């Protein structure tokens, strides 16, 4: 009859729904406009939802949560018409994490894995939260997967410390071949996946970056990589080249908060300030985990302006991929990159 099954939103990294107390805790990245929050509620069929006290700051597509304690009540009325449970929605500010462990999955996402990072706030610092994105919602559309384990991006149990992320380049079948999307690289990235572009503009579907308030120096982690056996270009097998995985991170200037880089301009936009990237020559294929440390280097002499950093003008992105040229459909089905325990080393 009436309830809130899922809560999403433009700036929502994570939304915890406590069905017992009817409390929804929504974590958003610092910098989000609290006065203009766009939220999306998934309710049972025929049920309606309405904010209890509308306020002037509200618009027809957003809610104003700017006033402390950034908490608003909502009533869900059944189609049935008889049940009207009241939910409290609390918006909580968070920052991107420093450590990424790949231990947690969204319990709402059952068809494929969706990873998130979370560290509770303390007296010293606010909540550290991130919902990682991938190409999984696009891969779903291929009809190729049977369950979560067939996807290009999957959580595995025997990580370096706890669980880890497994990225595997997958075969997209005949239809994939027809639309020239011959392979599906496994990826994990900070930003958003626009599924309405997944097939029409796969590189535009991957948007990278969230507001970051620290100065990054290095990205450190552990990985294992094994290349697939058959390297292909435009769907056809090629000899003489072995596939390689990819790990990189970016810091770029976003004049206004709506600006994001994507798969088509991440390495060519003049907004890019810092870039850390694993050297192809340094990648090994081993059954043992290897530690890597990469350096956030200045792009064309650009540097981080502290005042701009403080005002949220820079966005950080981290991208992991099983096939370095996979976004262009060059790579080998079966290339598998496992990553675990990433650490962002920042100026301190």
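Numbering follows the first chain given and starts at 1.
Looking at mean Cα B-factors across 188-196 and 155-163, the upper value is held by 155-163.
As recorded in the PDB entry, 35-43 is the stretch of 35-43 and 282-290 with the greater mean C-alpha temperature factor. If you compare the C-alpha temperature factors of 172, 206, 119, 107 in the entry, 107 comes out highest.
Of the candidates 253, 103, 79, 168, it is 79 whose Cα B-factor is highest according to the PDB record.
Among the modelled residues of its chain, residue 267 has a C-alpha B-factor that falls in the lowest third according to the deposited record. Annotation for residue 127: C-alpha temperature factor in the lowest third relative to the rest of the modelled chain, per the entry. Per the PDB record, residue ranking by Cα B-factor puts residue 295 in the lowest third of the chain. Split the chain's modelled residues into thirds by C-alpha temperature factor. Residue 275 is in the lowest one.
In the PDB entry, a CA B factor belonging to the middle third of its chain's modelled residues is recorded for residue 13.
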